[PDB]
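Each remark here refers to the structure printed beneath this line.
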Amino acid sequence: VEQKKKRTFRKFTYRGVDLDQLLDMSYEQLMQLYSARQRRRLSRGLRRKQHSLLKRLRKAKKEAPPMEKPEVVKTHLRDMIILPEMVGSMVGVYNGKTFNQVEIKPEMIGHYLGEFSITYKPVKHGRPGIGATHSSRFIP
Amino acid sequence: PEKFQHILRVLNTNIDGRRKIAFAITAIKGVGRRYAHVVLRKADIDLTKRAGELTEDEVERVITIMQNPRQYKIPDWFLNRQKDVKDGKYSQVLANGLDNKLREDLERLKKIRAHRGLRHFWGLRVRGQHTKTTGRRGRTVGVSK
Amino acid sequence: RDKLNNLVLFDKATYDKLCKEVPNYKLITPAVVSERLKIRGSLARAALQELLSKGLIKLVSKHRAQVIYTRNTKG
RNA sequence: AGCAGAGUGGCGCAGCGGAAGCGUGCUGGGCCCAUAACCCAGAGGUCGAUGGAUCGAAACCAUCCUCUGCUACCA
RNA sequence: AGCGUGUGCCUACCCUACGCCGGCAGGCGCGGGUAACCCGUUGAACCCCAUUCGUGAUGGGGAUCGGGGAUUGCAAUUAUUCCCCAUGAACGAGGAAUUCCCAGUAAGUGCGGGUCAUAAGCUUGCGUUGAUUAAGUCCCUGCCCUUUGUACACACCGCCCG
RNA sequence: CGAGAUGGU
């Protein structure tokens, strides 16, 4: 990663804990660090057949060459919360017609996968057409 | 009267010593009507006097209470920074510290390029609002060719 | 565009005038005291209660939105 | 060299010792079923250098700079 | 105050008193109602009485934006709705134009019904406080009837000349 | 007795 200190030692962490500690914590402990929406989702959420993504991610983390990035796993699951299991991983997130790849930085923790893959193009205007103003009227 | 000093400087900001004490200290950023009343109530100050009628040790009692709310038993549910994301603390942030705390929050969203960080960067409405008919700040454009 | 500059506390040049002017006025009210002495309405409210306990003026009427006072029963 | 103009705030014409000046052009709105005529509102603002009176300087007054205009010459 | 609604017949959800925990949104327990029977004497808002501010873009105004907590749901990010501390824009009664209204009316003020798993700045009803100005005209925009003129009948937004 | 031209569906 580009930056020192973060989640490793001293004053930059998540909520006061290090990445190696977030990797020891259970879902029952971890839901005290997350905010109210993520806490409700983990408390209520049986996650029935949503564990399949976590299996494919941990397969790709296991089988990658030593000191090189995993291959992409590509998915429709835009409403998945980023767990501390998912850091340093490649995901392709569906956009309504294409998959956009994401390298999951540890600062992304507690966000949704769908927050990093955007459904539209930023607008830039062409000149106004006929009917755009009351004076614009056409007579043959 | 005593012809005492009627402008005073408190936290790198100037207070008019001429308003009621509970409405003079809200010239500090991070101190609203609701928080200013509770600080003076813990500080044991009479709310009826003008801000130029406080003695030198009374202003130091108010300043030392504003900077350490949790040791004078001001509740956690009152504070403007709750579980701060990088170190987990609870506090009230004031003056030029509030400017930097927002400056760090907008750059933290931009660095990972989340949707919030892109809307703040392009200068668009960040919360759920529509943009077809409100917030207009350009110039009228003519149809002619 | 303009500004008033009304006082928040007295000084002797205006406090001695408050005590000298009492017999001159048929109608005494916080607003007429405010504009005539250049005093805020909250100081005008406070000053007229002291003169009443000193016995120098008569209360004619009181209501939330309007007090009225007058000269001490002669002239 | 004699005498005069310019040195935009919006193309263009340059008012008078008060921070647009008015006729006009551009852009938008009203009126009408609709187009013209008519009516109304907009346009990010030390206007070449150096001194002096002013509440004030493109616009009251010095001294330099440059190009035009009419005369007409240091060339 | 007055008008109303209430356990959904496939379709799976209703209206709530009382006690206890919490600043709040909210949570747990335990009863009544298929309704002139229970929520309910439906303790509504403006208004009324007392206090503080003092002509200041101010203690007027509350847009924009940071952080945290609950509830619906299979799922809330492009923020469902709700609660808390903080931030504190334009705006000082609005140019040419233009809408609605004659008495329990206009305007002010809050409450039900619809849509509804979650939810009114809309709409359709109800009560409460309660004026100023008129009792007329055909001028402007239109409608009805009669006499009259026409080169119109696609009917004046017509037809037609150099 | 102010000024009052014109007409793709």
(message) Helix A:51-63 against the longest principal axis of chain A: what's the angle in degrees, Cα atoms only, rounded to the nearest 10?
(response) 70 degrees
(message) To the nearest 20 Debye, how big is the dipole of segment B:76-140 about its Cα centre, given +1 on the beta carbon of each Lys and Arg and -1 on that of each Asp and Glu?
(response) 580 debye
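Give the average over all directions of the projected area of the C-alpha convex hull of segment B:10-145, one decimal, in nm².
Working: hull surface 53.4 nm².
Computing the convex hull of the Cα atoms and averaging its projections yields 13.3 nm².
For B:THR48, C:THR73, what ranking results if the residue with the fewest other Cβ atoms within 10 Å of its Cβ goes first? Kindly include the intermediate steps, with their values, before the conclusion.
Working: B:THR48 9, C:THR73 6.
Least to most surrounded, the residues fall as C:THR73, B:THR48.
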(message) Treating only the Cβ of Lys, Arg, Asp and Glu as charged (+1, +1, -1, -1), what charge dipole size does chain C show about its Cα centre? Round to the nearest 20 debye.
(response) 160 debye
(message) How large are Rg and Dmax for segment B:76-140 when calculated on the C-alpha trace, in angstrom?
(response) 15.7, 50
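Return C:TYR25, A:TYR112 ranked ascending by Cβ neighbour count within 10 Å, so the fewest neighbours appear first. Don't jump to the answer; show the numbers that get you there.
Values: C:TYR25 15, A:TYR112 20.
Going from least to most buried by this count: C:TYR25, A:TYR112.
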(message) How far apart, in nanometres, would the label points at C:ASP16 and B:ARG139 be if each is projected 7 angstrom from Cα along the Cα-to-Cβ direction?
(response) 6.6 nm
(request) State the answer as a single residue: which of B:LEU124, B:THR26, B:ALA43 lies farthest towards the positive end of the charge dipole of chain B, with beta carbon charges of +1 for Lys and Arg and -1 for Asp and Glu, about the Cα centre. (result) B:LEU124
(message) What is the distance in Å between the Cα centroid of segment A:1-69 and that of segment C:1-71?
(response) 71 Å
(request) Compute the Rg to Rh ratio over chain C from the alpha carbon atoms, using the Kirkwood formula for Rh, and round to two decimal places. (result) 0.97
(message) To the nearest 20 Debye, how big is the dipole of the protein assembly as shown about its Cα centre, given +1 on the beta carbon of each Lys and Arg and -1 on that of each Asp and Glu?
(response) 1720 debye
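Between B:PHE23 and B:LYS3, what is 0.36 nm times their sequence separation minus the Cα-Cα distance? Round to one decimal in nm.
5.1 nm
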(request) Report the calculated FRET efficiency for B:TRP77 and C:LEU7 (r = Cβ-Cβ distance, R0 = 41 Å), to the nearest 0.05. (result) 0.50
(message) Given bins 5 angstrom wide, list per bin the percent of all Cα-Cα distances in segment A:41-112, short to long.
(response) 3, 15, 26, 28, 17, 8, 2, 0
(request) May I ask you to derive the FRET efficiency for B:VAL38 and A:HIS51 from their Cβ-Cβ distance with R0 = 41 Å, giving the value to the nearest 0.05? (result) 0.30
(request) Between A:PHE116, A:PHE99, A:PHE12, find the one with the highest GNM mean-square fluctuation for chain A; connect C-alpha pairs within less than 10 Å. (result) A:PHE12
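Going down the list B:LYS86/B:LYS110; B:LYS42/B:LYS83; A:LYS69/A:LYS124; A:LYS74/B:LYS111; A:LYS49/B:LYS89, which pairs span over 28 Å between their C-alpha atoms?
Values: B:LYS86/B:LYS110 16 Å; B:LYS42/B:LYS83 24 Å; A:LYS69/A:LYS124 36 Å; A:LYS74/B:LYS111 23 Å; A:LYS49/B:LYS89 37 Å.
Over 28 Å apart, Cα to Cα: A:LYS69/A:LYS124; A:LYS49/B:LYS89.
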(message) Taking the 0 to 90 degree range and rounding to the nearest ten, how far is the long axis of helix C:12-21 tilted relative to the main principal axis of chain C, both from C-alpha atoms?
(response) 30 degrees
(message) Positive end of the dipole of segment A:9-127, charges at C-beta (+1 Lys, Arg; -1 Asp, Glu), about the Cα centre: which of A:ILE109, A:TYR94, A:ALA64 has its Cα farthest in that direction?
(response) A:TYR94
(message) Which residue fluctuates most in the GNM of chain A (Cα springs below 10 Å): A:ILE82, A:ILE104, A:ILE130?
(response) A:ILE130
(request) Quickly estimate the mean residue ellipticity at 222 nm for chain C, helices only: each DSSP H run with n ≥ 4 gives -39500 (n - 2.57), and the total goes over all residues, rounded to 500. (result) -12500 deg cm²/dmol
(message) As an exercise, use a Förster radius of 45 Å and the Cβ-Cβ distance of B:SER91 and C:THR70 to find the FRET efficiency, rounded to the nearest 0.05.
(response) 0.20
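Scale the Cα Rg of chain A by the rule-of-thumb value 2.2 N^0.38 Å and send over the ratio, two decimals.
Output field value: 1.50.
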(request) Give me A:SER117, B:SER144, B:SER91 ranked fewest to most by other Cβ atoms within 10 Å of their Cβ, as a rough exposure proxy. (result) B:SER144, B:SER91, A:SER117
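Would you calculate a helix-derived [θ] at 222 nm for chain A, using -39,500 (n - 2.57) for each DSSP H run of n ≥ 4 and dividing by the full residue count, to the nearest 500?
Details: 4 runs with 30 residues, N = 140.
Per the formula, -5500 deg cm²/dmol.
Taking K and R as +1 and D and E as -1, what net charge do the other residues with C-beta under 15 Å from the C-beta of B:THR13 add up to? Mind showing how you got there, number by number?
Details: positive: B:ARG9, B:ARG19, B:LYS29; negative: B:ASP16, B:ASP99.
That sum, taken over residues with Cβ under 15 Å, equals +1.
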(request) Select from B:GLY17, B:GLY52, B:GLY135 the residue whose mean-square fluctuation is largest in a Gaussian network model of chain B (Cα-Cα springs shorter than 10 Å). (result) B:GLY135
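Cβ coordinates were reconstructed from backbone atoms using ideal geometry, including for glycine residues, and neighbour counts include every protein chain displayed. None of the figures in this text is laboratory data; all of them are computed from the coordinates on show.
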